[PDB]
Amino acid sequence: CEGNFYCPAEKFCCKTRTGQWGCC
């Protein structure tokens, strides 16, 4: 993640092709 947001335990933080933070 980056810090602005936080993902759950069942999910993980992943980056997108465009360069945006998301949840995978």
# chains A, B, ... in the order shown; residues from 1 in each chain; ligands from 1

call {"tool": "select_by_dssp", "arguments": {"residues": "chain A", "states": "strand (DSSP E)", "output": "PyMOL selection string"}}
result
chain A and resi 13-15+21-23

call {"tool": "residues_around", "arguments": {"residues": "residue A:14", "least_positions_apart": "2", "cutoff": "9 Å", "atoms": "only C-alpha atoms", "output": "PyMOL selection string"}}
result
chain A and resi 1+12+16+20-24
